[PDB]
Amino acid sequence: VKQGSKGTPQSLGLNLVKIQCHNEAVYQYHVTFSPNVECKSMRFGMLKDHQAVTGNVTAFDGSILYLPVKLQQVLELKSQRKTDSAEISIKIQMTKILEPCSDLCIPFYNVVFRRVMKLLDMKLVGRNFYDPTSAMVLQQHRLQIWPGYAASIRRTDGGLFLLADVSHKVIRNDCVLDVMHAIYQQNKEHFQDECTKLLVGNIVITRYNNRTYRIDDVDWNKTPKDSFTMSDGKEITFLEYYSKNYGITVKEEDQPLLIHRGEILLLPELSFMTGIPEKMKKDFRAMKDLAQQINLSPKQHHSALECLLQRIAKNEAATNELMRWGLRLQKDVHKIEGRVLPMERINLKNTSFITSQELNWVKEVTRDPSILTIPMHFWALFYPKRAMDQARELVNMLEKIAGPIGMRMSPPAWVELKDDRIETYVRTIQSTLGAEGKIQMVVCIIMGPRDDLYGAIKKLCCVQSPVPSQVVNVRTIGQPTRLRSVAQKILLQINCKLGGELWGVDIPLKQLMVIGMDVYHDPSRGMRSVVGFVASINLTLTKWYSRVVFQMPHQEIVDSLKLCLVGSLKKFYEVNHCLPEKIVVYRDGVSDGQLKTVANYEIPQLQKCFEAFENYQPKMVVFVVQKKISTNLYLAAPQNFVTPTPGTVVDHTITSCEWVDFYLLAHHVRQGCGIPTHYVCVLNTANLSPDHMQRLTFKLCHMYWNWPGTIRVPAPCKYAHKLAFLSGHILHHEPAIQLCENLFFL
RNA sequence: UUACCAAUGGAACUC
Ligand SMILES: [Mg+2]
Ligand SMILES: [Mg+2]
């Protein structure tokens, strides 16, 4: 029912391939064993002896067995267990009749596609499929790139589709044992610890079997000559096992072993690193070269899928593998109809302007005043000694730009930071703040990529001494040409932090509160995870109430999301004299699995918070946002495939069949191809029309005040993510309650 | 920081 008729139509070409199911039925049977056979493998072989009687075409789970052929008769087959050596009754009885395209059929269809892809000589490294023989060697940075595919049979609304996405995995050419040689040759005191720090948390490939292992430990005491228990019953040396298996000369007796988590031990000689180096990430040149090599234009992606389909077609064995279940792949990718929604109006106080086909307001915001500019009169700039001149320019230009935007700015209070030391930074900032209680902004210039400084400054400002904080690396202000635009963006950010407003969009709905949540899982999960919450407190969706709840093992996060929601509703009651008639919740940071958890556990409890307020039953609309989706769509131009224009919504033929969902591309894509964002509505009590939901979701993407343009997800979710990141990864602490009313996290 | 895009299970084990 999601289909709507707003927006101009367009023809798109997805990275999906339809599968024509040519078989009438796939049946389901249950299996019983008279002497109860606990072992799964033995039951598997037992069914294999009579596989001819049931049929060569089988897919077995242990007690549920799917056959294309109809074994309609409930049958008992006599089998034998070698140890018990007695007759066993395999009783097969049909339990269900299913369509070829049913949901349970999708798993073993995916398994059959696994088999097909294997018969295409493709290597299953991880979940995806890769070909080592097609590797793309890099001679400069010691990198290998493996072309491959990540493919899956799925059932969308239209039917069964093979979603295939091209993927490049970066393997490192040189051995881990060569890295051990490097660290040992460095012969520095106590860098075995640095070697351990490098190895931990980075996945390492075994090329001998093309399997990834996550590094868990390094054993300096253990050696390849050390003993490990075997299935044979005798503990044996790793030398013996590996030499018997492969016979490769283990170069070093001295080399340690990498422990996985019995326990598994790997030689650094026969293991190789995965993932690009962090130094490579910092380097612009290497990253951009690798991106040019990896980045695939829409035409190249379509060509890759066409090549894969042709390769499947030519190999007879793969076609026979798919055909038995009754599946055949069509020759070309699907083509669907999707509509582009009308462009929106951005209303500033003096003027309103319509975005024009680039989806950037950047030039217009600076020229004209914003809605609310909070004057700056008492603020402090803390600057290093060596950077004075650069700092000087920052204020001077900041005055010249300030007029157009509506800010009235006075000269700053200068604080000279005597040296680079962290303790001096903190003490001087605290001294200036204690001396004057009217300091509105703490602006600090930090030198170099000194994140240790930034952490201390933000921790002092956000928690210990509540004051809005702004940090400006000297690198950005140093460049002479770019000073005007940089100053403008800094000035807008200062406007947001002081409590002002930049721009807005016309909101169709009436008495609305757009709650938006996200979760920050730390890179090392062991550390506390965070959930950020941002809710509008004024009707025009320009003022926000931001609160963060930290993950606690003892209490579930719903219990405190309740209190956050109650506080936001009370803030709405006070500021606007009336509670929201409609509350639209955009939930993000939900993996694929927990859509049933959020829909049936979190949301029903979140509604009970309304019980505290007397006889108040607002209308709740809940969306679950996924940005990690694999689907890629392109504009099927008359000429060829082209990058899609902003605002394209697909509500048919790729949406799920148990929810009301849509795929929206709002950001303007400069590079590669456009990857939609998937919105799934788990609760709609408001009976809000599909077109209303799509229009609201598109509108909210225009509100992100850090970027003058449309963004990937609704602004509440991105604000919640910013809050979660700042609270969890930098502060490691809950921010001060007083600062929450403004936008300090930007 | 001027700012958005930019870890474990697989067939009819691995130590
Ligand atoms: Mg987010
Ligand atoms: Mg910021």
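Residues numbered from 1 in each chain as written, not as in the entry; some residues may be left out. Chains lettered and ligands numbered in written order. Heavy atoms only, no water.

Method of determination for the deposited model, per the PDB record: cryo-EM, at 3.4 Å resolution.

This next bit is on the overall build of chain A. Counting secondary structure elements, chain A contains 20 helices and 38 strands. Oriented by its inertia axes, the alpha-carbon framework of chain A measures out at about 95 × 70 × 60 Å. Counting over 746 residues, chain A shows a buried share of 50%. Only carbon and sulfur atoms are counted for the fraction: they give 51% of the accessible area of chain A, which is about 37,200 Å². Side-chain charges of chain A comprise 88 positive and 71 negative groups, with the mean position of each set lying 4 Å from the other. (Helix = DSSP H or I, 4+ residues; strand = E, 2+ residues; numbered from the N terminus. Buried < 20%, exposed > 50% of the residue type's maximum accessible area, 1.4 Å probe, protein only. Areas by Shrake-Rupley, 256 points an atom, 1.4 Å probe, with all protein chains shown as cover. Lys, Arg positive; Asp, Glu negative; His and termini not counted. Charge placed at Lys NZ, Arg CZ, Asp CG, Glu CD.)

Positive phi, normally seen in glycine, also occurs at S85, with a value near 55 degrees. Inspection of the secondary structure puts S85 in the loop between strand 6 (75–80) and strand 7 (87–98). Look at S85 and you get partly exposed, because its relative accessible area is 46%.

In this section: the pairing of strand 24 (residues 380–384). Counted residue by residue, strand 24 has five buried out of five residues, so it is predominantly covered. The two faces of strand 24 match: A380, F382 and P384 on one face and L381 and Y383 on the other face are all buried. Summarising the sheet, strand 24 and strand 25 (residues 413–417) pair through five bridges and their orientation is parallel. The residue bridging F382 from the neighbouring strand is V415, located in strand 25. Following the chain from strand 24 across helix 12 (residues 388–405) to the adjacent parallel strand 25, one finds a crossover that is right-handed. (Pairing = 2+ DSSP bridges. Right-handed = clockwise from strand over helix to strand, strands pointing away.)

Two strands pair when backbone bridges link them, and strand 3 (residues 26–33) and strand 5 (residues 64–67) are joined in this way by four bridges, in the antiparallel orientation. When the bridges of strand 5 are listed, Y29 appears paired with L65. As paired strands, strand 4 (residues 59–60) and strand 5 are joined by two bridges and run antiparallel to one another. Residue pairing in the sheet places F60 in a bridge with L65 of strand 5. Hairpin connection of strand 4 to strand 5: three residues between the antiparallel strands, including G62 at a positive phi of 125 degrees.

This brings us to the domain arrangement of chain A. Note on interface size: it is often stated as the accessible area lost on association of the parts. Assigned domains of chain A: these are domain 1 (176–273), domain 2 (352–498) and domain 3 (512–731). A C-alpha centroid distance of 45 Å is found between domain 1 and domain 3. (Domains from an automatic or database assignment.)

This brings us to the environment of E416. Along the chain, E416 falls in strand 25. Since its relative accessible area comes to 31%, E416 is described here as partly exposed. Sequence separation between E416 and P384 is 32 residues; the distance between their C-alpha atoms is 6.1 Å. Contacts of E416, omitting those with residues within four sequence positions, involve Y383, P384, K385 and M388. Of the polar contacts made by the side chain of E416, one reaches the backbone nitrogen of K385; its length is 3.0 Å. (Contact = heavy atoms within 4.5 Å. Polar contact = N/O pair within 3.5 Å; in protein donor to acceptor, adjacent residues only side chain to side chain.)

By nearness alone, 46 residues border RNA strand B, and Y208, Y213, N473, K718 and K722 come closest of all. When atoms of RNA strand B within 4 Å of the protein are sorted by moiety, sugar and phosphate together comprise 66%. At 3.3 Å, a side-chain N or O of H260 approaches a base oxygen of RNA strand B. Between a phosphate oxygen of RNA strand B and a side-chain N or O atom of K718, the distance comes to 2.5 Å. Top element by residues in the surface near RNA strand B is helix 16 (residues 483–497). It accounts for five residues. (Near = heavy atom within 4 Å.)

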